[PDB]
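Scroll down for the structure; my scribbles are underneath it.
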Amino acid sequence: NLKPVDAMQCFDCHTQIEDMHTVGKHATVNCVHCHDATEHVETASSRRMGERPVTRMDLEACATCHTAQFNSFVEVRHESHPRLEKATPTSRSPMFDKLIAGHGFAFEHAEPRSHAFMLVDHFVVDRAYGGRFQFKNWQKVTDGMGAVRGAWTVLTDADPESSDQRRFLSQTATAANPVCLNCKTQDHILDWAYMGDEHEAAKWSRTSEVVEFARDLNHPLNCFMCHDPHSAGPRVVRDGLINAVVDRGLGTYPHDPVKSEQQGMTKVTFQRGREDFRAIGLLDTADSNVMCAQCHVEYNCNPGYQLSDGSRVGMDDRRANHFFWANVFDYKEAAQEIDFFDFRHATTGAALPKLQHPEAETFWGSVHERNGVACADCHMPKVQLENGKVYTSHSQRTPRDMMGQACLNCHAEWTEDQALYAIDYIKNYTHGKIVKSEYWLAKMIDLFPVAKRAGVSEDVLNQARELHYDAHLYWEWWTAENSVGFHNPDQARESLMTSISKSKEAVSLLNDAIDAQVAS
Amino acid sequence: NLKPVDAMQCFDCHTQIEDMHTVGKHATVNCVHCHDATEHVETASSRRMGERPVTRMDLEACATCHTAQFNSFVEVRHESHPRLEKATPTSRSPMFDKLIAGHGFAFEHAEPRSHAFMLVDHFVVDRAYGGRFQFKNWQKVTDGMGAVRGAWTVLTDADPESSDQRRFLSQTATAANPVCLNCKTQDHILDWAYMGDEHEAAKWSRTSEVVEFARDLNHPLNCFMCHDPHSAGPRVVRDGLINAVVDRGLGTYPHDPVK
Amino acid sequence: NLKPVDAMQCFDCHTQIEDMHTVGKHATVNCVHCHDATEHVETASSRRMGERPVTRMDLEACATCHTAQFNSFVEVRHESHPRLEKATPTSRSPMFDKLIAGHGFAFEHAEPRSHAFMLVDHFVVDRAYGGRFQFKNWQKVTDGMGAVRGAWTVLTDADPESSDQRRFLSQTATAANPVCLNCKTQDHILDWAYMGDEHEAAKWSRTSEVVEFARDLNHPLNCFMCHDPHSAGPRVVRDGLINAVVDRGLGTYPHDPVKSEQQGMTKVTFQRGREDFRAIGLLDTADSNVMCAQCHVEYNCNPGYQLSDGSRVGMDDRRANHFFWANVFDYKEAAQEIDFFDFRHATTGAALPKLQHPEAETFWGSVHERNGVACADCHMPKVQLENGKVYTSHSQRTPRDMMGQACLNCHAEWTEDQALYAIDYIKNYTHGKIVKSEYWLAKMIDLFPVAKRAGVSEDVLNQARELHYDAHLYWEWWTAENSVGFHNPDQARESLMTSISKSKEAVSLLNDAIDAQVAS
Ligand code: HEC
Ligand code: HEC
Ligand code: HEC
Ligand code: HEC
Ligand code: HEC
Ligand code: HEC
Ligand code: HEC
Ligand code: HEC
Ligand code: HEC
Ligand code: HEC
Ligand code: HEC
Ligand code: HEC
Ligand code: HEC
Ligand SMILES: [Ca+2]
Ligand SMILES: [Ca+2]
């Protein structure tokens with residue numbers, strides 16, 4: 001049984017915590033729920049930590065008083081098909097392997113499944129750790145609660161004796177690095193300096209051995225990623241997001257200065273040895289658009305190359321942890337502003353960006369976003385109970401599972417079937433354009449070896465490579481983005497038509513150049 | 001937002017609560033969750049209460065940290081047919097009127113329905129208060145959450161100006177008395193002496209005017225009827241039960257001394 | 001009404017039958033249920049048959065006393081989509097036509113459907129008889145009971161006047177030969193010598209005119225394929241299987257000598273004119289792993305070519321009826337041991353194997369097989385009845401239709417949805433790797449004409465052809481195998497990664513060789 005500690009004693013040294021804790025809705029929640037600080041209190045001074053207190057980061061620390069939210073979070077949506085590869089004819093990107101050739105995603109890229117699995121899925125995907133980590137057996141893939149209890153309760157490491165990234169199976173990659181983990185867990189929140197920069201007080205950083213870092217991490221999507229444990233108020237903890245919104249002053253809604261001001265973020269910095277160490281972003285309001293944008297964004301979390309000179313940009317560089325915080329039509333400019341690209345296409349040699357799940361940036365400017373709707377309205381609605389205390393569902397899943405609460409409450413003119421039909425109209429239309437964009441990209445890509453072998457000049461190949469960048473960007477955004485156009489159908493339409501235009505331009509350029517070589 | 005109070009100061013006078021609270025699973029739960037004792041602490045001595053502190057008896061006091069248990073409790077089972085009279089050919093006792101003739105149950109005795117309604121159903125049944133109390137309208141009969149929030153949020157009193165038990169409709173009875181309420185609520189747990197005996201410190205007792213008592217009561221089946229708020233440990237609070245089991249030495253299982 | 005015959009009279013000459021019949025559970029079942037032997041008994045001698053007795057091979061011969069088993073067998077699973085071509089984007093092998101080009105399966109290869117249809121489906125598939133046989137009309141495709149009553153009750157022959165294999169429609173093949181029928185029916189069990197070898201007493205053999213043979217055959221999957229009609233004990237009748245397990249001494253579980261000994265097979269030979277003629281394999285136990293392995297295996301049942309010198313191996317050769325009885329990683333060695341391959345790829349010219357439904361060999365060594373689980377546990381479980389005499393369901397179908405009896409009885413920790421999710425995780429993962437294997441095989445195949453035309457040497461082409469063999473084998477096993485990895489997910493994973501490795505090696509070899517030619 002827990003025994004309370006005297007928080008006044010802590011507050012003597014922890015003024016920032018005092019100011020948060022005493023004012024919020026956790027003012028009566030004793031520190032012992034999450035911290036074991038006995039030896040810390042015996043040894044600390046006002047500027048030196050002394051013995052490190054233990055801080056609980058398990059979600060059960062919150063589930064004791066918030067079982068409803070915890071249970072809704074950990075529910076596994078069995079209809080979210082697991083380990084479903086996107087590069088197949090029946091999934092999101094039928095020609096993905098040809099289009100992404102040269103990139104680590106060619107090894108495996110599955111559709112997302114329920115949040116409980118995020119950390120385990122990150123660890124076991126074929127592109128991440130060379131196949132080092134596996135579930136203990138193939139039955140464990142169902143065990144959401146187990147994954148939440150801790151990744152290492154359900155996973156095995158092929159070689160606990162080594163800590164290097166290497167292939168354990170031939171068709172795997174070792175793309176994982178420490179930045180990835182920031183969107184899977186915040187178990188490292190006290191051990192990682194802001195942005196993963198080198199820091200005396202940080203156990204882990206962008207340049208750490210990711211296998212060793214992995215072994216230290218257990219829990220997915222900690223509840224405190226969106227809720228300050230001290231004030232219980234809304235926040236974000238993701239460094240990349242704070243950096244974009246606050247440090248770079250882009251604001252929470254870069255396209256709406258007024259909304260950015262009303263629904264803003266306040267950066268709170270915590271120090272170690274009186275030197276800035278870590279930060280959180282306190283939100284003005286409980287704005288799930290910004291909470292979900294901690295992870296559902298396009299980002300860099302990887303080494304890459306400079307657009308200017310093609311030189312390597314390694315994990316040690318700040319750019320290896322970066323939120324572009326730019327919609328699809330501002331993205332090329334945002335990548336130019338940091339002088340960065342992700343990979344060279346294996347066939348065309350083009351410098352290309354790699355886009356990932358840009359839901360937050362896609363949502364900006366959509367009809368729903370403009371009308372003050374937020375992710376949670378459709379994906380974590382309040383529960384409707386005939387007789388019950390209302391709480392917010394933490395199931396984070398498609399509104400198809402709860403259309404009454406997620407759509408039909410606003411769309412009184414529709415039945416569930418009508419609303420589903422509206423969704424399907426958009427997704428079907430968008431998917432048709434994605435498929436057409438891929439057809440044209442693939443047609444362009446296939447001409448590169450023919451052009452090279454026909455003696456087409458490097459100048460013409462480079463012209464086509466520049467078009468490839470744009471054709472790729474304006475296509476890939478939409479296979480990366482999870483709503484298949486729903487979050488912003490007009491933007492998807494304009495973008496995908498732009499992709500096709502670019503590819504058609506490249507096809508015509510290469511075809512003409514090949515024919516001119518043949519004629520000469 | 002709640003501000004915690006200095007529980008150690010309470011414990012200077014409240015040794016019994018200290019021994020329960022500091023040992024159980026509510027040792028970290030501050031008194032401010034259930035008591036407003038500011039003026040009490042200002043005026044009390046260990047021998048004089050001073051200002052009476054306020055104690056929350058609402059189930060929301062527990063639902064804050066125990067929403068899953070509260071929500072399962074308050075759910076209304078619509079399949080438990082409401083206001084279904086047992087003295088009919090299709091219910092439990094087709095000849096009940098003949099057999100029970102001379103007893104107040106002849107006026108109305110329905111099947112039970114979900115616990116959320118126990119106090120409101122007690123107040124509105126035809127045999128209890130002469131028809132004095134009704135739901136605010138016939139729609140309110142569905143409102144389990146409302147009844148749990150408080151009986152008087154969903155009921156009306158035909159005559160707030162009188163406190164006597166009398167018939168307001170011809171075929172009703174006034175069988176209710178203060179003892180009934182002990183199986184409907186424990187909102188009176190600090191205002192009722194053991195067994196409802198007369199007591200200088202008891203606002204209410206077996207001989208109280210039941211209508212006046214009724215008006216003071218709000219919540220059905222308080223969570224603390226089975227769970228001690230201080231220790232979080234299992235308990236009962238019903239005097240009649242404690243009297244049988246302990247005072248009369250019958251034990252919890254009168255047919256099984258080992259159990 | 002049947003009238004019993006005096007079996008003692010038969011037993012005077014039929015000692016093997018006496019020894020089986022008098023001891024088993026059919027000891028009270030009179031011969032007249034299945035044999036009309038009146039004129040036989042009048043004319044036979046102890047060594048000469050005299051008039052041939054009639055033997056009933058229709059399944060109704062057993063259905064009279066075993067209606068429950070018969071009815072469960074003949075049920076048509078309408079959810080098993082009929083005539084569903086595998087070489088489409090929504091089926092098992094999207095790039096099958098490119099990959100299998102040169103082989104008869106390019107004409108048509110559908111997913112399997114319910115067992116009642118096996119013989120009719122064999123007769124009507126476009127790759128088998130040149131389109132000679134059709135259902136009487138398109139309505140008859142539903143008639144499982146009709147097919148079971150007899151193929152010729154529901155099919156028509158385009159030309160009853162000729163018996164040659166030829167095309168009746170342009171896009172058909174004539175791949176059928178007599179060996180195929182051994183996995184469709186055993187109506188010929190008394191007319192076919194062991195292995196289909198030439199024999200004086202055999203009406204049919206490997207070299208027979210298959211159209212004439214076809215016309216003599218009526219019933220699918222006779223009940224006596226797994227149950228000896230005389231002893232009622234468990235057996236197999238399939239020559240290829242007996243030959244692998246017993247003649248070649250490979251055992252029923254080639255990877256487990258102990259299990260092979262406990263769950264073994266005893267070959268029983270029957271003679272004609274005191275010369276070995278046909279054989280059965282009596283099983284030590286009712287082991288469905290071995291019963292189903294009569295057909296659900298990789299086999300040769302076709303002409304092919306020698307790996308050594310490329311010469312034709314015709315139906316007359318023993319190798320035209322062969323069970324490799326080898327898992328995917330032992331298969332290349334098993335094909336080398338008989339010096340055999342199936343076809344030359346139409347584009348690459350590579351000698352290639354053709355793999356078919358190797359469920360039995362894939363199942364070996366899997367977690368379930370190692371734990372003593374057998375096909376029937378998942379595909380023909382005992383019926384569960386609140387009040388009823390239990391019998392074994394003969395419906396032979398996916399456990400999805402009976403998850404309570406097929407999985408959940410062993411997997412108490414799971415709900416049906418969890419178990420289905422576990423299956424889908426494996427199938428989704430495996431299918432993603434199949435698709436990737438095909439992508440790489442197709443990329444390799446497409447380089448062959450480019451390499452040939454660029455002047456790449458035969459030595460380099462032959463190197464790539466040798467890689468093609470392996471890339472093909474380690475892919476095709478898994479489109480052939482029906483569980484999409486479920487029966488052995490680790491093996492599927494290792495194999496498919498091997499396929500991709502081989503293809504990538506071939507792509508790199510050919511690309512480099514083409515570029516070197518272009519540069520010269
Ligand atoms: C000892 C019980 C207890 C623990 C442990 C606890 N909380 Fe709370 N929490 C409360 C109470 C009490 C409230 C106030 C409820 C109210 O009045 O609305 C609260 C309020 C909240 C709110 C609403 C705050 C607001 O401003 O609306 C959030 C979000 C919350 N808690 C999250 C968490 C998270 C995340 C954890 C785990 C780090 C956690 N809590 C741990 C008891 C707890
Ligand atoms: C910590 C980073 C992170 C945060 C914050 C986050 N997500 Fe996710 N989300 C993921 C990852 C990772 C997955 C895929 C998990 C997996 O496949 O194992 C995912 C999956 C999902 C899915 C697919 C679930 C399914 O059934 O397939 C939805 C919908 C989703 N997120 C919505 C949201 C919404 C809405 C928010 C804000 C309330 C949110 N997410 C916050 C990382 C995050
Ligand atoms: C900005 C936050 C963020 C970073 C950094 C991030 N992810 Fe994710 N990850 C997500 C979200 C959101 C999802 C679910 C949406 C989706 O998959 O499209 C996801 C899904 C996944 C999935 C399940 C779907 C799939 O792709 O197979 C895996 C595996 C995964 N991430 C691995 C990685 C690896 C490896 C890294 C580092 C190279 C990484 N993640 C970096 C946010 C992030
Ligand atoms: C991706 C961000 C995110 C994560 C992670 C998160 N929540 Fe929440 N939570 C929300 C949002 C959004 C709301 C509703 C805010 C609003 O509309 O007022 C919410 C509301 C709450 C509330 C207020 C009562 C209610 O239900 O509205 C509690 C308590 C809470 N969450 C607890 C948890 C616990 C416990 C966890 C960990 C299992 C958790 N949250 C994880 C975003 C998050
Ligand atoms: C107006 C409602 C609405 C809002 C607001 C909304 N989405 Fe969605 N979201 C959808 C619909 C509809 C789909 C398609 C789901 C489907 O077809 O089942 C979708 C799909 C998703 C998916 C893929 C889910 C799956 O299972 O395939 C993710 C992840 C997601 N949204 C995240 C977000 C995030 C993060 C935000 C806030 C930036 C957001 N959404 C805003 C309605 C919304
Ligand atoms: C501020 C939050 C909070 C409030 C208010 C609260 N509890 Fe609890 N309760 C807890 C915590 C924390 C535990 C211990 C959970 C654990 O460790 O298992 C707990 C434990 C319990 C247990 C389990 C005790 C045991 O020994 O197993 C019961 C029963 C319980 N509470 C009932 C109540 C009732 C009834 C009320 C209303 C009088 C109430 N609680 C008020 C937080 C609260
Ligand atoms: C405070 C007294 C009290 C306690 C303690 C109590 N009950 Fe009840 N119970 C009632 C009353 C009064 C009703 C009828 C309520 C009504 O009709 O409005 C009832 C109704 C029920 C019903 C019928 C519910 C329905 O759907 O019709 C069941 C079952 C029941 N109780 C079981 C229990 C069990 C089991 C416990 C112990 C966990 C319990 N009760 C504790 C007083 C109580
Ligand atoms: C020992 C505890 C106890 C006492 C005292 C008690 N009840 Fe009840 N009451 C119950 C239980 C338990 C139920 C539900 C089971 C049932 O109705 O059989 C119930 C059900 C009811 C119901 C709904 C069913 C019906 O009979 O119409 C009413 C109304 C009711 N009581 C009124 C009264 C009145 C009036 C008194 C005082 C004369 C009274 N109760 C005294 C325990 C009690
Ligand atoms: C005249 C009725 C009759 C006919 C015809 C008949 N059987 Fe049987 N069969 C029996 C009886 C009686 C048993 C013993 C049942 C028992 O005692 O378990 C039996 C037992 C069996 C058993 C269980 C044997 C064992 O050892 O467990 C199988 C398998 C079987 N029969 C298959 C067949 C097949 C296949 C046919 C058609 C070739 C067939 N039977 C024809 C009556 C019949
Ligand atoms: C005589 C050879 C043969 C034997 C023995 C045999 N099968 Fe089959 N099986 C087939 C053929 C041929 C098909 C496809 C039939 C068709 O498509 O018309 C098939 C189809 C199936 C299917 C797919 C059915 C559907 O609904 O699509 C399953 C499952 C199956 N077999 C399992 C088994 C199991 C388990 C055993 C052992 C109990 C077994 N089979 C024994 C030849 C056989
Ligand atoms: C070793 C036994 C075996 C032999 C020999 C065999 N089959 Fe099959 N056949 C099967 C099994 C098992 C299935 C069902 C599993 C599957 O199709 O993958 C099957 C399925 C079929 C199907 C339905 C699915 C499809 O491919 O369209 C046809 C048609 C078929 N066989 C024709 C043939 C022809 C023609 C031959 C000879 C060239 C042949 N079979 C030889 C066992 C065999
Ligand atoms: C592919 C092999 C196979 C075929 C063909 C087959 N069965 Fe069976 N049969 C089994 C297996 C396996 C069992 C159960 C053996 C065990 O577990 O004891 C079984 C059991 C039996 C039993 C024993 C009683 C029972 O239900 O367990 C009878 C009778 C039987 N089958 C009759 C038939 C009849 C009649 C047919 C033809 C319609 C038939 N079988 C076709 C494999 C076969
Ligand atoms: C532990 C249970 C289990 C065992 C044992 C098992 N399988 Fe399967 N089998 C499966 C599952 C699961 C599938 C995939 C079915 C699905 O996804 O609907 C499958 C698929 C099949 C299919 C394709 C069925 C269809 O409709 O798609 C055939 C044929 C098959 N198995 C035959 C066999 C044979 C022959 C054996 C014995 C050598 C065997 N299986 C052993 C569980 C089993
Ligand atoms: Ca990116
Ligand atoms: Ca073969």
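Ordered as shown in the structure tokens, chains take letters A, B, and onward, while each chain numbers its residues from 1 and ligands are numbered from 1 in the order shown.
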
- [ ] Report as a PyMOL selection string which protein, DNA and RNA residues come within 7 Å of ligand 6, using only C-alpha atoms and all ligand atoms.
- [x] (chain A and resi 1+28-29+64-65) or (chain B and resi 24-26+29+33+59+61-62+64-66+223-224+227-229+232-234)

Task: Contacts to ligand 8 at 10 Å cut-off (only C-alpha atoms and all ligand atoms) as a PyMOL selection string - done: chain B and resi 82-86+104-105+107-115+117-129+173-184+238-241

Selection from above, C-alpha atoms, as a PDB file, in the first residue's frame, can you write it?
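Written output follows (part-v5.pdb):
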ATOM      1  CA  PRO B  82     -40.287  -0.917 -14.174  1.00  0.00           C
ATOM      2  CA  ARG B  83     -43.241  -0.446 -11.812  1.00  0.00           C
ATOM      3  CA  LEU B  84     -44.350  -4.009 -12.516  1.00  0.00           C
ATOM      4  CA  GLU B  85     -46.947  -4.987  -9.886  1.00  0.00           C
ATOM      5  CA  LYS B  86     -46.342  -8.423  -8.354  1.00  0.00           C
ATOM      6  CA  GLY B 104     -49.890  -1.979   3.316  1.00  0.00           C
ATOM      7  CA  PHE B 105     -48.289  -4.026   0.473  1.00  0.00           C
ATOM      8  CA  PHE B 107     -51.611  -0.909  -2.095  1.00  0.00           C
ATOM      9  CA  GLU B 108     -48.628  -1.562  -4.334  1.00  0.00           C
ATOM     10  CA  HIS B 109     -45.708  -3.954  -4.442  1.00  0.00           C
ATOM     11  CA  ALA B 110     -43.658  -3.919  -7.655  1.00  0.00           C
ATOM     12  CA  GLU B 111     -40.751  -6.046  -8.808  1.00  0.00           C
ATOM     13  CA  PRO B 112     -37.328  -4.544  -8.111  1.00  0.00           C
ATOM     14  CA  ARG B 113     -35.504  -2.611 -10.812  1.00  0.00           C
ATOM     15  CA  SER B 114     -31.936  -1.257 -11.068  1.00  0.00           C
ATOM     16  CA  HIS B 115     -30.216  -0.008  -7.871  1.00  0.00           C
ATOM     17  CA  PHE B 117     -33.627   3.992  -8.548  1.00  0.00           C
ATOM     18  CA  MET B 118     -33.913   2.577  -5.053  1.00  0.00           C
ATOM     19  CA  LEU B 119     -34.443   5.848  -3.178  1.00  0.00           C
ATOM     20  CA  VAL B 120     -36.747   7.427  -5.752  1.00  0.00           C
ATOM     21  CA  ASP B 121     -38.752   4.199  -5.996  1.00  0.00           C
ATOM     22  CA  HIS B 122     -39.003   4.094  -2.229  1.00  0.00           C
ATOM     23  CA  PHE B 123     -40.338   7.668  -2.271  1.00  0.00           C
ATOM     24  CA  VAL B 124     -42.865   7.254  -5.100  1.00  0.00           C
ATOM     25  CA  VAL B 125     -44.366   3.820  -4.414  1.00  0.00           C
ATOM     26  CA  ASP B 126     -48.096   4.035  -3.560  1.00  0.00           C
ATOM     27  CA  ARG B 127     -47.744   2.283  -0.199  1.00  0.00           C
ATOM     28  CA  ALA B 128     -45.087   4.599   1.269  1.00  0.00           C
ATOM     29  CA  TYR B 129     -45.948   8.304   1.504  1.00  0.00           C
ATOM     30  CA  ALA B 173     -50.761   4.082   2.261  1.00  0.00           C
ATOM     31  CA  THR B 174     -48.219   5.783   4.486  1.00  0.00           C
ATOM     32  CA  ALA B 175     -46.137   2.774   5.459  1.00  0.00           C
ATOM     33  CA  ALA B 176     -42.795   4.602   5.165  1.00  0.00           C
ATOM     34  CA  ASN B 177     -40.889   5.330   8.370  1.00  0.00           C
ATOM     35  CA  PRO B 178     -37.255   6.278   9.043  1.00  0.00           C
ATOM     36  CA  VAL B 179     -36.011   2.684   9.302  1.00  0.00           C
ATOM     37  CA  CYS B 180     -36.913   2.071   5.603  1.00  0.00           C
ATOM     38  CA  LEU B 181     -34.357   4.628   4.485  1.00  0.00           C
ATOM     39  CA  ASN B 182     -31.462   2.657   5.932  1.00  0.00           C
ATOM     40  CA  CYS B 183     -31.821   0.234   3.051  1.00  0.00           C
ATOM     41  CA  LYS B 184     -32.088   3.015   0.419  1.00  0.00           C
ATOM     42  CA  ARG B 238     -26.284  -1.213   8.243  1.00  0.00           C
ATOM     43  CA  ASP B 239     -27.072  -1.181  11.949  1.00  0.00           C
ATOM     44  CA  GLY B 240     -29.590  -4.006  11.777  1.00  0.00           C
ATOM     45  CA  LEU B 241     -27.017  -6.319  10.253  1.00  0.00           C
TER      46      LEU B 241
END

Task: Backbone-only DSSP, alpha helix (DSSP H) members of range 70-154 of chain B, as an MDAnalysis selection string - done: chainID B and resid 70:74 96:100 118:124 144:149 151:154

Only N, CA, C and O atoms, please: the residues just picked out, written as a compact mmCIF listing (two decimals), in the first residue's frame.
# COMPACT_ATOMS: atom_id res chain seq x y z
N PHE B 70 -18.34 3.21 -10.78
CA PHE B 70 -19.52 4.05 -10.73
C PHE B 70 -20.39 3.82 -11.99
O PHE B 70 -21.62 3.67 -11.89
N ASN B 71 -19.76 3.79 -13.16
CA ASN B 71 -20.55 3.68 -14.40
C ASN B 71 -21.26 2.35 -14.49
O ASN B 71 -22.39 2.30 -14.98
N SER B 72 -20.62 1.27 -14.02
CA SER B 72 -21.30 -0.03 -14.04
C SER B 72 -22.43 -0.01 -13.02
O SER B 72 -23.48 -0.59 -13.27
N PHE B 73 -22.24 0.68 -11.90
CA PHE B 73 -23.30 0.74 -10.91
C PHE B 73 -24.56 1.49 -11.45
O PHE B 73 -25.69 1.04 -11.29
N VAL B 74 -24.34 2.64 -12.07
CA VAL B 74 -25.45 3.52 -12.42
C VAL B 74 -26.21 3.07 -13.68
O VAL B 74 -27.31 3.57 -13.93
N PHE B 96 -51.84 -12.33 -4.57
CA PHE B 96 -51.25 -11.53 -3.49
C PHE B 96 -52.27 -10.65 -2.76
O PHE B 96 -52.22 -10.57 -1.54
N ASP B 97 -53.17 -10.00 -3.49
CA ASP B 97 -54.16 -9.13 -2.84
C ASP B 97 -55.01 -9.86 -1.80
O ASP B 97 -55.24 -9.34 -0.71
N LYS B 98 -55.46 -11.07 -2.15
CA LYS B 98 -56.28 -11.85 -1.24
C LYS B 98 -55.44 -12.25 -0.02
O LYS B 98 -55.89 -12.17 1.14
N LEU B 99 -54.22 -12.68 -0.30
CA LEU B 99 -53.39 -13.27 0.75
C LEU B 99 -52.80 -12.23 1.68
O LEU B 99 -52.59 -12.50 2.88
N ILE B 100 -52.54 -11.05 1.16
CA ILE B 100 -51.87 -10.03 1.96
C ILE B 100 -52.85 -8.99 2.51
O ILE B 100 -52.43 -8.03 3.18
N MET B 118 -33.31 3.12 -6.28
CA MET B 118 -33.91 2.58 -5.05
C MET B 118 -34.58 3.65 -4.20
O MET B 118 -35.64 3.41 -3.62
N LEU B 119 -33.93 4.80 -4.08
CA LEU B 119 -34.44 5.85 -3.18
C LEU B 119 -35.66 6.51 -3.80
O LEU B 119 -36.69 6.69 -3.15
N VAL B 120 -35.59 6.81 -5.09
CA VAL B 120 -36.75 7.43 -5.75
C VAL B 120 -37.93 6.47 -5.77
O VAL B 120 -39.07 6.90 -5.56
N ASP B 121 -37.67 5.17 -5.97
CA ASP B 121 -38.75 4.20 -6.00
C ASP B 121 -39.38 4.05 -4.62
O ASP B 121 -40.60 3.95 -4.51
N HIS B 122 -38.53 4.05 -3.59
CA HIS B 122 -39.00 4.09 -2.23
C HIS B 122 -39.93 5.30 -2.00
O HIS B 122 -41.00 5.17 -1.39
N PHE B 123 -39.53 6.47 -2.47
CA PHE B 123 -40.34 7.67 -2.27
C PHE B 123 -41.65 7.68 -3.05
O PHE B 123 -42.62 8.25 -2.57
N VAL B 124 -41.68 7.10 -4.25
CA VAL B 124 -42.86 7.25 -5.10
C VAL B 124 -43.85 6.10 -5.02
O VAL B 124 -44.96 6.22 -5.55
N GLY B 144 -31.81 7.28 -14.48
CA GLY B 144 -31.01 6.67 -13.41
C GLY B 144 -29.91 7.60 -12.92
O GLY B 144 -29.69 7.76 -11.70
N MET B 145 -29.21 8.22 -13.87
CA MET B 145 -28.14 9.13 -13.53
C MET B 145 -28.69 10.31 -12.70
O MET B 145 -28.10 10.71 -11.68
N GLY B 146 -29.85 10.83 -13.10
CA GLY B 146 -30.52 11.89 -12.34
C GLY B 146 -30.86 11.45 -10.92
O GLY B 146 -30.62 12.19 -9.95
N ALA B 147 -31.45 10.27 -10.77
CA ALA B 147 -31.80 9.77 -9.44
C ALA B 147 -30.53 9.68 -8.57
O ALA B 147 -30.56 10.04 -7.39
N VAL B 148 -29.44 9.21 -9.16
CA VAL B 148 -28.16 9.08 -8.44
C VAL B 148 -27.62 10.46 -8.03
O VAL B 148 -27.13 10.62 -6.91
N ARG B 149 -27.74 11.45 -8.92
CA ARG B 149 -27.37 12.84 -8.60
C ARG B 149 -28.16 13.32 -7.38
O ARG B 149 -27.63 14.04 -6.52
N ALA B 151 -32.33 12.40 -5.38
CA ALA B 151 -33.77 12.15 -5.51
C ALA B 151 -34.55 13.43 -5.79
O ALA B 151 -35.48 13.43 -6.60
N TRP B 152 -34.17 14.52 -5.14
CA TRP B 152 -34.97 15.74 -5.25
C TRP B 152 -34.68 16.51 -6.53
O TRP B 152 -35.36 17.49 -6.82
N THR B 153 -33.71 16.05 -7.32
CA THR B 153 -33.56 16.58 -8.67
C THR B 153 -34.59 15.98 -9.63
O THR B 153 -34.81 16.53 -10.68
N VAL B 154 -35.21 14.85 -9.26
CA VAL B 154 -36.14 14.22 -10.19
C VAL B 154 -37.54 14.06 -9.63
O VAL B 154 -38.43 13.68 -10.37

Task: Polymer residues at most 9 Å from range 158-161 of chain C, only C-alpha atoms, same-chain spacing of 4 or more positions, as a VMD selection string - done: chain C and resid 131 to 134 168

Would you mind exporting C-alpha atoms of the selected residues as a tab-separated table (two decimals), in the first residue's frame?
chain	number	residue	atom	x	y	z
C	131	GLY	CA	-11.53	-27.35	-72.74
C	132	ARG	CA	-12.92	-30.74	-73.78
C	133	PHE	CA	-15.06	-31.10	-70.63
C	134	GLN	CA	-17.53	-28.58	-69.30
C	168	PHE	CA	-11.17	-27.21	-78.05

Open item on the list: Let me see if you get this right: every residue at most 8 Å from ligand 12, counting only C-alpha atoms and all ligand atoms, written as a PyMOL selection string.
Closed with: chain C and resi 59-60+62-63+65-74+221-227+234+286-288+291-292+294+376+380+382+390-394
